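Student: Structure incoming, see below.
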Amino acid sequence: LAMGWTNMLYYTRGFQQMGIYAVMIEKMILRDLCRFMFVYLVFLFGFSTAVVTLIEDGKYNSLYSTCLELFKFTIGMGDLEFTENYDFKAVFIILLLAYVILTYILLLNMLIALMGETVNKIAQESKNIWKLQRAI
Amino acid sequence: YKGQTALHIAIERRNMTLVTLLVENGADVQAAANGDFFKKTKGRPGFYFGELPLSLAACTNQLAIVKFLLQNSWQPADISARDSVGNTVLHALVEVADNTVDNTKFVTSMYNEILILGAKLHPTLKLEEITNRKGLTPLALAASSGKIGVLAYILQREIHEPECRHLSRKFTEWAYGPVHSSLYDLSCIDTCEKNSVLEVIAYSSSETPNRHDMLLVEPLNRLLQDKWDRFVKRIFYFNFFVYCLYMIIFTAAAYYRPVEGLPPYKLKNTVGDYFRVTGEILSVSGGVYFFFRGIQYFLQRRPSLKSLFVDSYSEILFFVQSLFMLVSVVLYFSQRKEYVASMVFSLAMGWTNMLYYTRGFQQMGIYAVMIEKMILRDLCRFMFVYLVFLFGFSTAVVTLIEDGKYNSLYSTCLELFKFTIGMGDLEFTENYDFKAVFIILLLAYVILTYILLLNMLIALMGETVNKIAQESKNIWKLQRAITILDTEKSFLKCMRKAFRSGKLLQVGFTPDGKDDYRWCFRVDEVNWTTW
Amino acid sequence: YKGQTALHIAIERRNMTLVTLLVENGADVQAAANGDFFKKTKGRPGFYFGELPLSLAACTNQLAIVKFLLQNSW
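Protein chains in written order, with full-length UniProt numbering: chain A, 545 to 603, 627 to 703; chain B, 199 to 603, 627 to 752; chain C, 199 to 272.
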């Protein structure tokens, strides 16, 4: 059901503006989202493993839970205090702050800038791709 | 000034009559002006030219005067002369160039003319292997000094001159119509065992004006790509896989660390415990390996203690990971719990060091270079300003708060920081008086940091992206070149195998009856225009 | 290479005299150079032109030579 609903974009061809917009979306998902996802996933897995290792025992003593909790930061929902079951609170807070600075502050903003450049660069190519799609 | 002799002044004055009038009656022509005004240094800015009358005439672009050499009523003007630093005329020419347009143009033209005349007068002499006190050939000096224009000139030299064309460096083999194949000499570029253009450029200090743009010259780029595709691609992929496997084992070992207290911990006779301990051993061994590798790099390269913390971030990061691992082991055997903290620090650093291998894939390598530049410039500036703002307003707020949980600098600073990540509260406490002041302070802080500075950070990064495309690509190319050079010097699987290029007899005959082989390198080219 | 005939070389050399000297006395003009150097593929980069003397002259942009077609002693 979800795949079918999201496949409604296919028909956006046949309307020049929305067709070009859909082509923009393709190109973005192909290049920028891919690169950012690779780097960000490496970062997230690394820091998540470190954090779970630090945690002594409790609800968040599993890789899945800690990974989800670290990911919650990316969507503006981080906690910075989601657990206390550990020692050496300084290390925990240092790790969380480093992860925040590296991913949220830097990489997301970089994603916005790279997309902006991409938009600035692929106007004519997007229009031509839309024309080819309509021809097909 | 110490050698402003009559002929010196005449040449500096650029007159064709006084020079000749001195030439007659045998004016001395081997005087060296070692005056402090004639040396190289910023103090009392003078004009270094080579210290010899021939060199001076050359630096002044006096071709007309030149060709006075090897005449009568005259004294020797050996092209193989040497000053107090051993520089020849060619060395002076490379020194004077400043990578401008006209300067390049003239300097290359002269350099040529002197080459041809020297070949004519003494065909049995070999200029370009002459070396100075530093032992650097003029090509080597240019490579190590930042003069891109001359590098491009020499490396693409052509002299279609019937009797002494052998000095040329670029050759054309066959033209079966519109497509023809050319040869580029490799001698003293990839393998010299004393000084090679590639090794010099790669390991050149950070102060070189054009270290990045040097590799864009034709021959160098083709050679690096060729070596890559030949063997470095596979060697690098193998190294990447090994590092990934080591990281996986380290993570697995750390994850299952026992929780009993006061290490070291007794080894129960079990399969799982056995796997944990062997994984530990593997991880510690990898840490030792990286530590020794970093030590070897530090001793072999011998950084000048300034570029040490300014270049080679990757070496520093790997060495720091090794240090954390080793300290973790030391504590683990010292009966302390902090080995866990050291272990997690090392684990996170190692995982985030996986970006290093993103070189070897053009797109991701350029992306990593973008990330570097951003962290270096934009993140730094924003962090400084934002930290000043945050500390100021945090101190003000904590002062305002009367007493309670948030009556400490750390807690209030954390609470104010929570705003930056879209988690602010605006009501996290009420223990105070004068709520208007509190809300005013919080609103001012929000407006100044969240609304303004973050958005400004996005805009500045956008500008940076728009500005550093080509530089990022060039930096990635340099990184890959350094990787190729290390790998080749590593003897990991080479052992002088994995050869470099093909050999040919290109001249047919040198000026002497003997022939020669010049270790050439082929690159086919096709052109329609210019039949 | 398999068909580097005299006229082939002359055309590749782009001279108006050798071509005519071969044209007289009826030089053959339907030779196909199926040499591996004259085929299409990356290995041993050569120059594919069509494999025929007319095609070769065309790929070389020799209009002057062209229009030699449909003449005598030919």
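Ideal Cβ placement from N, Cα and C applies to all residues, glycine included.
1. Opposite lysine 368(B) in the DSSP bridges: which residues?
2. Grab the span of the alpha helix (DSSP H) containing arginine 579(A) for me, first residue to last.
3. If you pair each beta-carbon of the stretch 704-714 of chain B with each one of the stretch 426-434 of chain B, do three or more pairs fall below 8 Å?
4. At the level of alpha carbons, what is the spacing between residue 501(A) and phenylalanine 517(B)?
5. I think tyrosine 653(A) touches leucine 699(A), with their Cβ atoms under 8 Å apart; what is that distance to the nearest whole Å?
6. How would you label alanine 262(C), buried or exposed, when you count the other beta carbons within 10 angstroms and need 16 or more for buried?
7. Below 6 Å CB to CB, which residues in the same chain sit around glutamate 249(B) once its five sequence neighbours on both sides are set aside?
8. Hey, quick one: how far does the alpha helix (DSSP H) through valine 744(B) stretch, first residue to last?
9. How about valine 227(C) and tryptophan 272(C): do their beta carbons lie closer than 9 Å?
10. With a cut-off of 9 Å, does the C-beta of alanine 290(B) fall near any C-beta of chain A?
11. Kindly indicate which three-state DSSP category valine 486(B) falls into: helix, strand or coil?
12. Would you mind sorting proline 462(B) into buried or exposed? The rule is 16 or more other CB atoms within 10 Å of its CB.
13. How big is the Cα-Cα spacing for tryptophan 549(B) and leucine 588(A)?
14. Are the beta-carbon atoms belonging to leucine 267(B) and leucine 252(B) less than 9 Å from one another?
15. To the nearest whole angstrom, what separates the beta carbons of residue 154(B) and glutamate 651(A), a pair I think is in contact under 8 Å?
16. Return the first residue and the last residue of the alpha helix (DSSP H) that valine 217(C) is part of.
17. What would DSSP say about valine 377(B), mapped onto helix, strand or coil?
18. For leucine 205(C), does the three-state DSSP call read helix, strand or coil?
19. Is DSSP giving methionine 716(B) helix, strand or coil here?
20. Going along the chain, which residues of its own chain have a beta-carbon closer than 7 Å to the beta-carbon of residue 837(B), five neighbours each way excluded?
21. Which term fits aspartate 576(A), buried or exposed, when burial requires 16 or more other beta carbons within 10 angstroms of its beta carbon?
22. When the Cα of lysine 303(B) is compared with those of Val469(B), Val264(B) and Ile346(B), which residue comes out closest?
23. For the alpha helix (DSSP H) holding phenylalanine 266(C), just list the boundary residues, first then last.
24. Report the residue ranges of all alpha helix (DSSP H) runs contained in full by the stretch 310-369 of chain B; include only those spanning at least 4 residues, in chain order.
25. Taking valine 744(B) as the query, report the chain C residues whose CB atoms sit under 7 Å from its CB, ordered along the chain.
26. Any idea what DSSP makes of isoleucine 642(B), helix, strand or coil?
27. In this structure, does DSSP put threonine 286(B) in helix, strand or coil?
28. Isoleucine 569(B) versus chain A: which residues are under 9 Å apart at the beta carbon?
29. Taking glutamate 210(C) as the query, report the chain B residues whose CB atoms sit under 8 Å from its CB, ordered along the chain.
30. Using only the heavy atoms of the ligand MG, determine whether one of them is closer than 8 Å to the beta carbon of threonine 203(B).
31. For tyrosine 671(A) versus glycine 645(A), is the C-beta distance shorter than 9 Å?
32. Assign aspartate 733(B) to buried or exposed, taking buried as 16 or more other Cβ atoms, counted over all protein chains shown, within 10 Å of its Cβ.
33. Residue range of the alpha helix (DSSP H) that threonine 449(B) falls in?
34. Please check if any C-beta of chain C sits within less than 9 Å of the C-beta of residue 762(B).
Tutor: In brief:
1. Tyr382(B)
2. Unbroken alpha helix (DSSP H) run through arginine 579(A): 560-598.
3. yes
4. There is no way to answer for residue 501(A), as the model of chain A reaches only from 545 to 703.
5. Incorrect: roughly 57 Å between the Cβ atoms, too far for contact.
6. It counts as exposed.
7. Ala230, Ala231 and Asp281
8. Where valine 744(B) is concerned, there is no enclosing alpha helix (DSSP H), although the beta strand (DSSP E) it sits in stretches over 741-747.
9. yes
10. no
11. Note: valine 486(B) maps to helix in three-state DSSP.
12. Using a 10 angstroms sphere on the CB of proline 462(B), the tally of other CB atoms stays under 16, which defines it as exposed.
13. 10 Å
14. yes
15. Residue 154(B) lies beyond the residue range present for chain B, which begins at 199 and ends at 752; the question has no answer from this structure.
16. 214-221
17. strand
18. helix
19. coil
20. Lying before the first or after the last residue shown, residue 837(B) is absent from chain B, which here runs from 199 to 752.
21. buried
22. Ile346(B)
23. No alpha helix (DSSP H) contains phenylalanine 266(C), which DSSP labels as neither H nor E.
24. 336-343 and 346-353
25. From the beta-carbon of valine 744(B), no residue of chain C is found nearer than 7 Å; the closest lies around 11 Å away.
26. coil
27. coil
28. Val583, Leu673, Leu674 and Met677
29. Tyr374 and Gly375
30. As presented, the structure is devoid of all ligands, the ligand MG included, so that no description of it is given.
31. yes
32. exposed
33. 431-453
34. No answer is possible for residue 762(B): the residues shown for chain B start at 199 and end at 752.
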